[PDB]
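Protein chains: 2
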Amino acid sequence: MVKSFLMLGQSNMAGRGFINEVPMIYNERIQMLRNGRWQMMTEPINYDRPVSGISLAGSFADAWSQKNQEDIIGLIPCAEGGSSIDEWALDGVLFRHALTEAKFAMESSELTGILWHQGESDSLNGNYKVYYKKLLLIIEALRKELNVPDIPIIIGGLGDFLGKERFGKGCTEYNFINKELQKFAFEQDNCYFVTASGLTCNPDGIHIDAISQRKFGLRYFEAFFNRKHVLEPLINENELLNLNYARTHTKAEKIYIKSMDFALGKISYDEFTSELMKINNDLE
Amino acid sequence: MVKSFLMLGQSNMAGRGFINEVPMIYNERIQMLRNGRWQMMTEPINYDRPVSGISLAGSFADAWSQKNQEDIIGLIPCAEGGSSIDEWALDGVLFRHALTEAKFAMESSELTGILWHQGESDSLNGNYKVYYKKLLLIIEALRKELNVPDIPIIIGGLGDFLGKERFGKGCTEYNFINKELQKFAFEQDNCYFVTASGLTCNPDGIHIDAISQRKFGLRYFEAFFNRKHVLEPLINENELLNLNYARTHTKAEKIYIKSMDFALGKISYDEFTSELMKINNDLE
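Structure below.
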């Protein structure tokens, strides 16, 4: 079947990594939800802004497909940039929209997990003193509404680069939010924390970069697959990624990158044809 | 207030024009729906595929903003590439998803019109003999469900390049669909037809190109604004477009193109700063 994963949070969940700084992930077994149905995943996955880029859900799915050669993983993009915990209130629009997206997804897939990452917009002037209780109502409503009382919900921490440079300089209370995120995970059932140590950011000083967003996805899967808290970065983080990048592509996959090259006008029709035949004639 | 317009149809409504072949439209008074709420419009508007590009809704909105300097126009992207009239059935997922999107939009805007363009996937082996009756049920359900019994619904024809080259060669019955589209418009209340004469296509032989997609948008507005059938192309089509391209941008707008240039890594932070001050210091 199709195992779907709901994506919730701020811009760091939707992904802002520069897609030209990390290798493309073309996995015919990884899919994204486009206006209610499944389509082959191609970053930007969570296109909430014209600037959406590399997400952590990319490597998460790639790593997931390697541990499950049989099924297909479906991603449900519902992250909103700049959104704060208050904007995610049950009565909220971006929460009720996430529900409708999830439901559309589960009428053709099975919701297996929920990926959450948010907190930059709450890393200032207190309001971290109410973050927990706020999150509890959101998670509670999610499990109830979507009828998933025990599926693992993974939550990541905030980058240590916050509260220092430009767009991120206003987030001086990020570490106070991390404590609430951690606490929430330990105390709440079926919730796991994922450290963001070592992760770096783009020039804006607030968004995690592509490279770091790729490692971040592995830690998310590491937590999900083993149902544990990832308090430290995985050791084979770099090599683990290259191992997925080296994977040989299917005929359908390499025909896809070519169909797209042509669709975007990057190559001629005859050049597209010649390239398609090479794939067809190729041995193995 | 915010006047919203629901976009329905196939890939030629979602837009597949190459964004690098036509000038960018940056209008702070034109917005798009991103996961339930309004955000400043930036093409691709209807991102249903990683290949989504220039849509006809772009120039439609630009022309609309010039005849209404007071309000803001909101676009609701709900077009699915490759979808056929059958996939748009009331019980369908991409129809029920369009409804939920429209409703989310109207709880913060007023649905003023519906833009429809579809039929390439029905331009083969008959089934054009059932297109009308099929469309009637879809339109009927839309007005009833969304409580908009008299808002103008505009429908465009199919390109004359269809049924001849590559990806479009299979659409040999396009002209039979056009007749049904036309008929439907004349007979049905508050429905207007928009010819696609003169419009050209990209190399794939099936998708209307950026230039043509821009002219196509004007004809849509021409029909909507005057509540009439556009059976011929507008005469000042080219100049009418340049007139909108020449428009001087607002301070907020030019600050936006700069905020994006930086957000995408196209410029340095200091270069971004320097550019922001120039905008601030500028006289008029």
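Top line first, the protein sequences correspond to chains A and B. Residue numbering for the first sequence is 1107 to 1390, as defined by this note's numbering. Residue numbering for the second sequence is 1107 to 1390, as defined by this note's numbering. All C-beta atoms, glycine included, are put in the ideal place defined by N, C-alpha and C.
Cβ distance (whole Å) where residue i is taken to contact residue j below 8 Å
i: A/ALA1204; j: A/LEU1112; result: 7 Å
i: B/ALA1120; j: B/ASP1168; result: Actually they are not in contact, since the Cβ atoms of B/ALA1120 and B/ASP1168 sit about 18 Å apart, beyond 8 Å.
i: A/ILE1160; j: A/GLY1123; result: 3 Å
i: B/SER1190; j: B/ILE1179; result: With 8 Å as the limit, B/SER1190 and B/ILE1179 do not qualify as a contact, their Cβ atoms being about 29 Å apart.
i: A/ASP1228; j: A/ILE1182; result: Not really, about 23 Å apart at Cβ, beyond 8 Å.
i: A/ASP1266; j: A/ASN1296; result: Contact doesn't hold; Cβ gap of about 27 Å is too wide.
i: A/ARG1143; j: B/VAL1254; result: So it is not a contact: roughly 25 Å between Cβ atoms.
8 Å Cβ cutoff, residue i in contact with chain A
i: B/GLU1226; result: no
i: B/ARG1155; result: yes
i: residue 1059 of chain B; result: Residue 1059 of chain B lies beyond the residue range present for chain B, which begins at 1107 and ends at 1390; the question has no answer from this structure.
i: B/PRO1309; result: yes
i: B/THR1354; result: no
i: B/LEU1200; result: yes
i: B/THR1306; result: no
i: B/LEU1370; result: yes
i: B/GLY1142; result: yes
i: B/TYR1362; result: no
i: B/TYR1132; result: no
i: B/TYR1238; result: no
Neighbour flag for residue i against chain C, beta carbons, 8 Å
i: A/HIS1203; result: The chain inventory of the structure shown lacks chain C, comprising the protein chains A and B.
Min CB distance residue i to chain B below 8 Å
i: A/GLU1186; result: yes
i: A/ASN1386; result: no
i: A/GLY1123; result: no
i: A/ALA1167; result: no
i: A/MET1366; result: yes
i: A/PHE1210; result: yes
i: A/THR1206; result: yes
i: A/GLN1116; result: no
i: A/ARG1272; result: yes
i: A/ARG1249; result: no
i: A/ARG1320; result: no
i: A/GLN1145; result: yes
i: A/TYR1234; result: no
i: A/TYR1351; result: no
i: A/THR1148; result: yes
i: A/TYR1375; result: yes
Limits of the unbroken beta strand (DSSP E) element including residue i
i: A/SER1110; result: 1108-1115
i: B/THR1218; result: 1216-1223
i: B/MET1146; result: 1143-1146
i: B/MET1138; result: 1136-1140
i: A/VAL1300; result: 1297-1300
Enclosing alpha helix (DSSP H) for residue i [first to last residue]
i: B/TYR1280; result: 1280-1293
i: B/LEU1324; result: 1316-1332
i: A/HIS1203; result: 1199-1212
i: B/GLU1381; result: 1375-1387
Distance cut-off 7 Å: residue i Cβ against heavy atoms of the ligand NAP
i: A/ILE1312; result: Among the components modelled here there is no ligand, and therefore nothing to report on the ligand NAP.
Evaluate contact between the segment 1213-1227 of chain A and the segment 1258-1265 of chain A, counting only Cβ atoms and requiring at least three cross-stretch pairs below 8 Å.
-> Output reads yes: the segment 1258-1265 of chain A touches the segment 1213-1227 of chain A.
Minimum length 3: unbroken beta strand (DSSP E) runs contained in the segment 1237-1277 of chain A = The DSSP assignment places complete beta strand (DSSP E) segments of no fewer than 3 residues inside the segment 1237-1277 of chain A at 1259-1262, in order along the chain.
Please determine if the segment 1355-1362 of chain B and the segment 1321-1329 of chain B are in contact, where contact requires at least 3 C-beta pairs separated by less than 8 Å.
-> No: the two stretches stay apart, fewer than three of their Cβ pairs being nearer than 8 Å.
Does the segment 1126-1136 of chain A come close enough to the segment 1233-1242 of chain A to have 3 or more Cβ pairs within less than 8 Å?
-> Output reads no: the segment 1233-1242 of chain A does not touch the segment 1126-1136 of chain A.
Touching by the beta-carbon criterion (3+ pairs, under 8 Å), the segment 1267-1279 of chain B and the segment 1309-1320 of chain B | The segment 1267-1279 of chain B vs the segment 1309-1320 of chain B: in contact.
Just list the beta strand (DSSP E) runs in the segment 1147-1194 of chain A, keeping only unbroken ones of 3 residues or longer that don't cross its boundaries, in chain order.
-> Taking only runs of at least 3 residues, the beta strand (DSSP E) segments lying wholly in the segment 1147-1194 of chain A are 1178-1183.
Ordered list of alpha helix (DSSP H) runs contained in the segment 1338-1366 of chain A, each at least 4 residues | DSSP runs (the alpha helix (DSSP H)) wholly in the segment 1338-1366 of chain A: 1343-1352.
Contact between the segment 1206-1220 of chain B and the segment 1372-1390 of chain A (3+ Cβ pairs under 8 Å) = As far as the Cβ criterion goes, the segment 1206-1220 of chain B does not touch the segment 1372-1390 of chain A, which means the pair count is below three.
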